[PDB]
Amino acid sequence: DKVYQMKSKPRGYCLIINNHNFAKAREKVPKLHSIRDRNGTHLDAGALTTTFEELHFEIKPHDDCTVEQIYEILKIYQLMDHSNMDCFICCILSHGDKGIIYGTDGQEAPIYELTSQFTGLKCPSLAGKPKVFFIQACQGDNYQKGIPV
């Protein structure tokens, strides 16, 4: 089968947006008056760092980002030259809701708004190359029920 070229060293960048402190959200957004900080999230950032460095990616961590700050970070990588890279990874660790993720300030960022910044037209140097996004967040407040098997 055809396989994506994956031999560059580093393979490419692995962004890690790690949101822990939601004090701004609790104070600014009424319905988020009781949203709690994401204790333990650093364990995820550390695991991702170790895992992808082992896989030859260059890790770029960013902690506690508001929505505006997230878009700024993505713009920087959208405009960056990935010509010598074979892949691009972006990991988002935060709170979320249906189809969105929350910035530390409680503002919403549509998932599509995040991934669309790296399409072939917007980031030509990544055209034809795999763009991987891992999103760790709720996508609603419903508990997924179980079924016996």
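In this text, residue numbers run from 1 along the sequence as written.
Taking the PDB entry as given, 28-36 carries the higher mean Cα B factor of the two stretches 116-124 and 28-36.
Taking the mean C-alpha B-factor of each stretch as recorded, 89-97 and 102-110 are not equal, and the higher mean is that of 102-110. If you compare the C-alpha temperature factors of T66, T49, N84, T41 in the entry, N84 comes out highest. Of the candidates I16, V132, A23, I135, the PDB record gives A23 the highest C-alpha temperature factor.
Per-chain ranking of the deposited C-alpha B factor places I70 in the middle third.
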